[PDB]
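J.: Any chance you could fold what I've pasted below:
(chains A, B, C, D and E, ligands or ions: 4)
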Amino acid sequence: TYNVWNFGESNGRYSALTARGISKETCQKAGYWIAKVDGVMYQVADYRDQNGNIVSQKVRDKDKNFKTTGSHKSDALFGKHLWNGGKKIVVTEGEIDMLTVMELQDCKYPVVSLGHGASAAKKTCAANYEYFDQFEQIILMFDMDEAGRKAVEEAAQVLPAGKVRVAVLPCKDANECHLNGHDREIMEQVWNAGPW
Amino acid sequence: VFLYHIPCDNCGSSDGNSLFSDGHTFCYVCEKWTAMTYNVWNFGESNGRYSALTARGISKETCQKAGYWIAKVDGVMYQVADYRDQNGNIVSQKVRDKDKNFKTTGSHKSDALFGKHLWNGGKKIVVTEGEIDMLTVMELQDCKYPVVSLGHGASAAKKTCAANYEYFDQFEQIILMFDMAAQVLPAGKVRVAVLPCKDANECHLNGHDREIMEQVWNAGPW
Amino acid sequence: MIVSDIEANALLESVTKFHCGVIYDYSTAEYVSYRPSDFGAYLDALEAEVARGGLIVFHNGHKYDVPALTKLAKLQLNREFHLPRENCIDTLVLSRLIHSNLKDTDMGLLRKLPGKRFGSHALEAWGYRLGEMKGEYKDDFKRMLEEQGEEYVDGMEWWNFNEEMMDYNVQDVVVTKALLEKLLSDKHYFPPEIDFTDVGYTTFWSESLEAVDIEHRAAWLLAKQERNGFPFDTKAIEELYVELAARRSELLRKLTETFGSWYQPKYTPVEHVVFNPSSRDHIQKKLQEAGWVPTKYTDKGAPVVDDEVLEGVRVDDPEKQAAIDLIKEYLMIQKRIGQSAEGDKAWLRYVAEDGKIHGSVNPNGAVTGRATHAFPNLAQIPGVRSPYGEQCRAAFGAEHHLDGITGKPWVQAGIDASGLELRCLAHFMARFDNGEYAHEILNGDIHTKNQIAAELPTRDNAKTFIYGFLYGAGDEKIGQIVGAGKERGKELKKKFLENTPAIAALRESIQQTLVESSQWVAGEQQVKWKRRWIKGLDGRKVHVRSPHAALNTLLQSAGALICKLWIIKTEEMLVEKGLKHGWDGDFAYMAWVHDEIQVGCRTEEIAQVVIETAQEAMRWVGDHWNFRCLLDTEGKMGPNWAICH
RNA sequence: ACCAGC
DNA sequence: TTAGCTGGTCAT
Ligand SMILES: Cc1cn([C@H]2C[C@H](O)[C@@H](COP(=O)(O)OP(=O)(O)OP(=O)(O)O)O2)c(=O)[nH]c1=O
Ligand SMILES: [Mg+2]
Ligand SMILES: [Mg+2]
Ligand SMILES: [Zn+2]
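T.: Numbering: from 1, shown residues only, chains lettered A, B, ... in the order given. Ligands and ions are numbered 1, 2, ... in the order given. Shown next is the structure:
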């Protein structure tokens, strides 16, 4: 609510996520950090523009509340600044689904994440139609729900021409397939999938 | 929970004092235990005593564990009932006296229940409408099988009962006792009981208390 | 000989997933670890160690660890996997017989242990006692989640696999190995002429004592009958609860109008306190202020109040004379409710989905080899002589298990031994009176003719009196059995001491064997010991707690072992006869209280075969140890455990 | 301290 | 000088 939270006024620390299964070097590469404000420990994601200039945080508490730290745009993807080329991206849905694929692929293939979810994906896909003309394929990795299939069917409309391929999961989404040991499936569903 | 016996350092036995996992002791010889208005009525402010309701019939430990305390401010006799939340915090109250001066103090939420800060898992729950009927069922069952009651009377059974859905989803069977019924509670999980008197207290004050306990365990389907 | 440790997701009641496992070997010295995807390799390693003729060392392996593997290997990858019981050994069943006394030696060490681990045979407590403990998984995981910030939900941290689980599993198998070396470093049970880390399953079992073999067989069988359960009727106990919960809510209404309320001193602050009949202070006060003198002072300023002084109490007011009986009935109803349905360990809070009760049975919990029963205690439900007793034992039946192939109920057989410790006495003192006492026990019933000779009212009172006299009473505690004074309490002692003058000679023999000097203090006793232990029937060092209970720990510790071998032999004959154990076979054990057994079987002919072969098993027990007496049992047949008492 | 059991 | 071996209960 206040500003971009400086780390010095929030006692910034980069560590792992033991309940989720993500190391410290992945969270160091992305920007996902842990702060101590008002006593209660808060996890906080760190957005940037395409240049790399810091404009927004997003804070979740011990029971997953939402705390936005300013003007939350629609042309801001989680980790958009990290990649400016390549041949494939894996558009996830949450923010730990981005970290999980950066863990299971060792920061090699580009992975970006959306800052709204399945509520306004089209709003942040049609307004991000100009970022995707520097890649070659798009592998949509959404939730395996009614809302996930609805979001991928409505979001396969305002993406670029015919490059969209949709990967399927046996879990709810990617992090439970990481926790239950299904690291063999999501390494195949990135490489091949069933199209529109 | 119980661990073992320690020697009692005060009364001087050998296997009398019992030590528990929470860090407290208890002796079975000396019986020693060791270790709106928008203004919540503080218990030391209002000369609060946990007396009994003799003309209705309710012990003292029921009023202690359910939080139903008598206030003696202004030289008069209030019966203040505390409502709570899941964390164990006083949120709102109800002040009542003989003239039904229902002074609802504190931030009275829209979906508050009376006696929900005690119970999370189980097979049964008995939902009544008032407070004296809820205390009556806790008198018969000795304060150990779950009984909650509505915080807005019998006119918010579609509002107070509806906003608590994930709370009543935690249990396997929900039993109603209103006035001799709601369906926003989940499907196939609502039983409705039939009594011969006006409510539970009238069955308690005439010897028909068996027909209270017989309808808790053998209630029919909705 | 390998030492292997498992880690899975939950308890044996509901387990569906394997997480990790570590194996150490005594021939290659290798911490061969495994992963969640190497469960087939784990099972192949264990089956190779079985097939070459070795021993697998678990910890708490008979109860949890081996049937967890048999459940997971079926319902995760569809393969049968059974370990033969002569290959799996445990290091908890060994600890419960070698270190059978921790509560009396654990003081002086509590400086090491936290305080919650006082007298625990768990694997972490031996990690604190061996001074080899590097952290704890639950504490470090809770601290790590508080350090990230996500909450700690339910105390369930075996949901997801990680690396700290494998690390503390490696430390777990370190603690198991360091316990096994000390447990095999004992000389009274394991002779120091052979190394027990390379011998087979025909040398390890039969080149040592018999108490190391009978205890593992007993742990195997009692874990199996724990996995079977006890069939239970829920509707017939809810009817009882709804019956006698509308009686203690009448015995307080009818009683508070008789015994009125009073002001109690909390300017003098008073409170309007009412009569609570469950308290033994309010009844004491209201009987003092109504004209009653106790004339019995156990406490230094307070009387004693129980069922034997609430009978012999008289008051002037003839209303209170009737009210005292309602007070006693209220205390009885309160205890029955708190045992049956409202306690923390009630019966209706330990009923599984399939309508059965699973209670833990520790095979060696007492110092004298007697099993203890817990969670819930199925050894102390009310008998058929107490009020509301038959209605409580009729729910614990074996006819409440309708068959899964024909839809028919089963039959129950119950077998009790007769005159067990009283016949072990005639075994032990037959070298003094030349065996002219062990002939009258075999000539007719003993307790009935003892009741005739002692003019007691009931056989149960004669049976209480004879053991009360035998296990070193005083002048008054066997006069109290008949209610009379210490004059009759002296003449009964003289009458049953002058009949057979060998009990005092046996007691003098035990005193000359164990104790050598006992200095006297006017308020205490200071004894220099010579042998604190007694060799039992199979070489086990039975610990003697007090020098006047030496006859007790000589009789009951030799009486428990013949029942412990009898319950093993009466299935070793039934499996070899051509039957099948379990619910999907022909018979199943249900409960083993201290003397009798309860078995439930499919047809009446199988009941007759079991009730025949129990006699042959008991006679083989009596022949294997060369008793000077002749052991004998008695069996009954019925639908439930009210006729089969 | 009380109750229940083997 | 002592009947014995267990479990289960409780209050701020
Ligand atoms: C009653 C009682 C029994 N016991 C012991 C001795 C008993 O042999 C053993 C089993 O108890 P019981 O089976 O009740 O006695 P019993 O087997 O000798 O007689 P019967 O079976 O013919 O009815 O428990 C005590 O130690 N103290 C006691 O107070
Ligand atoms: Mg283990
Ligand atoms: Mg017997
Ligand atoms: Zn005390």
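
J.: so what's residue 101 up against?
T.: Just going to use chain A. The contact partners of residue A:101, taken as Cβ atoms under 8 Å, 6 or more residues apart in numbering or on different chains, are A:90, A:92, A:109, A:111, A:141, A:174, A:186, A:190. Yep, even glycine has a C-beta here, placed from its N, CA and C like the rest.

J.: please go with chain C instead
T.: For residue C:101, the contacting residues are C:367, C:543, by Cβ under 8 Å, 6+ apart.

J.: Also residue C:53?
T.: Remark: with contacts taken as Cβ under 8 Å, 6+ apart, residue C:53 is in contact with C:200, C:201.

J.: number of nearby residues for the residue lying closest to residue C:580 once chain neighbours are set aside?
T.: Here the nearest residue to residue C:580 in space, its sequence neighbours aside, is residue C:586; by Cβ to Cβ, 6 or more residues apart in numbering or on different chains that works out to 5.5 Å. Using other Cβ atoms under 10 Å in any protein chain shown, residue C:586 has 19 neighbouring residues.

J.: what sits against residue C:586?
T.: Under the contact definition (Cβ under 8 Å, 6+ apart), the residues listed for residue C:586 are C:579, C:580, C:601, C:602, C:603, C:606.

J.: Of those - the most surrounded one?
T.: Scoring the contacts of residue C:586 on neighbours with other Cβ under 10 Å, the highest-scoring entry is residue C:601 at 24 neighbours.

J.: That residue is in contact with residue C:403, isn't it?
T.: No. The pair residue C:601 / residue C:403 is not scored as a contact, 11.2 Å apart, by Cβ atoms under 8 Å.

J.: Closest residue of the stretch 1-150 of chain C to chain A?
T.: Per Cβ to the nearest Cβ, the residue of the stretch 1-150 of chain C with the smallest distance to chain A is residue C:149, at 3.1 Å.

J.: so who does that residue touch?
T.: A:34, A:40, A:41, A:42, A:43, A:61, A:62.

J.: ditto for residue C:396
T.: Contacts for residue C:396 were tallied using Cβ under 8 Å, 6+ apart; they are C:230, C:231, C:232, C:378, C:381, C:640, C:641.

J.: and what of residue C:416?
T.: Counting by Cβ under 8 Å, 6+ apart, residue C:416 touches C:595, C:596, C:633, C:634, C:635.

J.: Any of these buried? List them.
T.: Among the contacts of residue C:416, those scoring as buried are C:596, C:633, C:635 (criterion: 16 or more other Cβ atoms under 10 Å in any protein chain shown).

J.: I'd like these laid out as TSV, including distance to residue C:351 and secondary structure.
T.: As requested, these are arranged in TSV below (distance: Cβ to Cβ, whole Å; DSSP: H, G, I helix; E, B strand; the rest coil):
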residue	distance to residue C:351	secondary structure
C:596	24	coil
C:633	31	strand
C:635	28	strand
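
J.: Name the member of the residues you listed with the shortest distance to chain B.
T.: residue C:596 (28.5 Å).

J.: which secondary structure element contains the one residue in chain A that gets nearest to chain B?
T.: Using Cβ to the nearest Cβ, the single residue of chain A nearest to chain B is residue A:63, 11.6 Å away. Under the criterion of DSSP states H and E, residue A:63 resides outside all helices and strands.

J.: quick one: the residue nearest to it when sequence neighbours are not counted and chain B, what's the gap?
T.: Of all residues not flanking residue A:63 in the chain, residue C:151 sits nearest, at 7.0 Å (Cβ to Cβ, 6+ apart). Using Cβ to the nearest Cβ, to the nearest Å, one obtains 13 Å as the distance from residue C:151 to chain B.
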